[PDB]
There are 2 protein chains.
Amino acid sequence: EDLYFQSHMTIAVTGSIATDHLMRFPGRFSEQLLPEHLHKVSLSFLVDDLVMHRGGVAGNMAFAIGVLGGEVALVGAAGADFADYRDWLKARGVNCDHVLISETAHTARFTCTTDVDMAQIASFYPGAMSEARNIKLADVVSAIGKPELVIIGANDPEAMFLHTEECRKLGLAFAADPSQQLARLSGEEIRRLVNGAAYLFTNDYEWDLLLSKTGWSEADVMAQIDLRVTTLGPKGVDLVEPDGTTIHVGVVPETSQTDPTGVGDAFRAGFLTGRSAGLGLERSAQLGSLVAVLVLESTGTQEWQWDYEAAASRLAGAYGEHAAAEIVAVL
Amino acid sequence: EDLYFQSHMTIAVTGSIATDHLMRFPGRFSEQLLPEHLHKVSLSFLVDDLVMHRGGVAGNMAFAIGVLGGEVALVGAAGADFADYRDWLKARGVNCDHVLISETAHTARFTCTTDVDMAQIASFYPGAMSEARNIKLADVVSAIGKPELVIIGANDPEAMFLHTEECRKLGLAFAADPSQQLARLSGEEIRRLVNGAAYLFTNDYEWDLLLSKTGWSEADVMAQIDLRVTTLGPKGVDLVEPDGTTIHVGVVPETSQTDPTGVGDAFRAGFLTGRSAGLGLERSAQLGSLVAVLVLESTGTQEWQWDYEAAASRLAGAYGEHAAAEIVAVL
Ligand SMILES: Nc1nc(F)nc2c1ncn2[C@@H]1O[C@H](CO)[C@@H](O)[C@H]1O
Ligand SMILES: Nc1nc(F)nc2c1ncn2[C@@H]1O[C@H](CO)[C@@H](O)[C@H]1O
């Protein structure tokens, strides 16, 4: 029981802050993935495009929460070059006071290749991100009060656990969002991020990867968390309670599949923004699905716009008049 | 029948010229590749290392032929920054007079991630490489005479076919070495690079990929080429005649598995250098296997050294006293 004052009602977003280099491969990754050679791949894709955008899961989620009008603090480590990115985030209402700025290291670099089917293969060079393990959430809480929720996104692997442990001892609700780091984290490292999570967010691949590396069954997981949120690509999202009562919400139909980078981050930000404003699970995932498709339809993770009227109309089209009115009212 | 004078006995190396960014993932790619999710991967690897080295298959092969004392011309397209790389190559005897230097575009960039098992996943941004389709081999032959062999390595996809067609009409022997570009090339594009090749070089994965995309059987291929050379990783290399009489040569045992980038290029350069000096197929693959392991044991593709005495001793250790003496004498 933490007796310190409530930040009311700020979301703290912890996780990576990066520059993304996004490229396109005009072919199919799967077609190149021979099942008998997956033991030791040798893959090289000639790309026809390369563009740079602001990124990092925490930058992406903070940006979207800010666009949607939420109170949000970004907590992560960046290089000295961060001043410009800070102005871009501040322009959408993001509190960047608690970003650790490295004296020596460079802002992290994401290099990603997307194929015609929206599959993606990418590397992430941490640089200054590794110093996130030096950030104390206690000092953040000291300054702005207790957040209603701390998001634990992909980050310096040690930082992900330290931040989670801090949430546990400070009694802060947290969302486990290890998605992007599941490949790097050992089963032991994944297991210690999960217990007591208000939300666990992944896509279905990541859900299978998590269970595969943790050695856990779905039951083992549901006993430790308040809610599992599993995005299903073109099949929408499952929201599962520990019982588990399952709410399913289908996608907002896309007009293009441009670039899927940051789609999960956007869903999570919209959904959590919905939850913060007292919408239920179904309505929150409907709002999330909209921000998600807006990212899918643009190149880069923070290159989407928010038109209130366009939003209501689209929400109406996919979910009906009730959903659209309840959602738009909350914002 | 080309009546123009013989370059005697120059190898022309066509293919990519690049800067390589090499990174390491301290985990296993396969462990992250769920067979039921290979339909649409979502992969992101946190890397712990990033280093830059001179690269491109044609730069790599030209460098090695030059180190081994061969006469070699590098033929490809690079950016204005190429002046420095040119000095590095010229220092090892490489003729760079026929490199096309782009007035506007940047030297190509390779971004590669290697796991603990030496598996690799990479992207290649062409930049100035795309202008290789503007290079005329006829003009090269005009200047230096007919090469004894033209290597057709991974390149601008259109350039790979144009260069091959030029070899066919100029009556130049050529080696089809599409390896790195097989992922990008259509089955139609692969099929038109093969007929009449003096050598076809691939590893076994690439051999399966080639057959898979061409719709060809091994028999269909062997009827069109003079020799198939298929590297087998830790199992060495198969050299197969159209019959097919098969010569197999095992690896030179490694003291480390440092970085496998450029290992194939090195094998090909050593092997072809062997063939140029009148060694037979077995002896040429033995020399090739040595340059190959030297690359495996160093980081980068052209960061290996050539000690004549160390070479003889290692060749002796893996292949016996006869092989070592016959090989070292030729150089
Ligand atoms: N392995 C990773 N680790 C961390 F901390 N962040 C990563 C990783 N892979 C992708 N990203 C970031 O994810 C964003 C899209 O969700 C992108 O903006 C990108 O910066
Ligand atoms: N898709 C590709 N296309 C081309 F033309 N070149 C590529 C490709 N992938 C890797 N490379 C180069 O291969 C070298 C190692 O064999 C490396 O030095 C690298 O530059």
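Going from the start of the chain as shown, residues are counted 1 onward.
How was it done? The header gives X-ray crystallography, 1.9 Å.
Yeah, the Cβs are placed from backbone N, Cα and C, and that goes for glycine too.
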Binding-site annotation, Swiss-Prot, substrate: partner of B:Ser16, B:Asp20, B:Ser44, B:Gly56, B:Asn60, B:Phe110, B:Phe124, B:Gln180, B:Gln181 in B:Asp265, B:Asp307: B:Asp265
Further binder of ATP named by Swiss-Prot next to B:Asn203, B:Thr231, B:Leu232, B:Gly233, B:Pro234, B:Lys235, B:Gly236, taken from the candidates B:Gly171, B:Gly264, B:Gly270, B:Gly274: B:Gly264
Site with most surrounding Cβ atoms, counting all protein chains shown within 10 Å, from the binding-site residues B:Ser16, B:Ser44: B:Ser16
Recorded positions near chain A, Cβ-Cβ under 8 Å, from B:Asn60, B:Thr231, B:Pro234, B:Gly264, B:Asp265: none
For B:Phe124 (substrate binding site), the number of other Cβ atoms found within 10 Å of its own Cβ: 28
Pairwise CA distance, B:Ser44 (substrate binding site) versus B:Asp265 (active site, proton acceptor), rounded so that it is a whole Å: 27
Densest Cβ neighbourhood among B:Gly233, B:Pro234, B:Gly236, B:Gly264 (binding-site residues), 10 Å radius: B:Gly264
Cα proximity to B:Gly233 (ATP binding site), best match among recorded positions B:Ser16, B:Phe124, B:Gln181, B:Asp265: B:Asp265
Listed binding-site residues with Cβ under 6 Å from ligand 1, out of B:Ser16, B:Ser44, B:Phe124, B:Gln181, B:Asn203: B:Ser44
Cβ neighbours of B:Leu232 (ATP binding site) where a neighbour is any other Cβ within 10 Å: 15
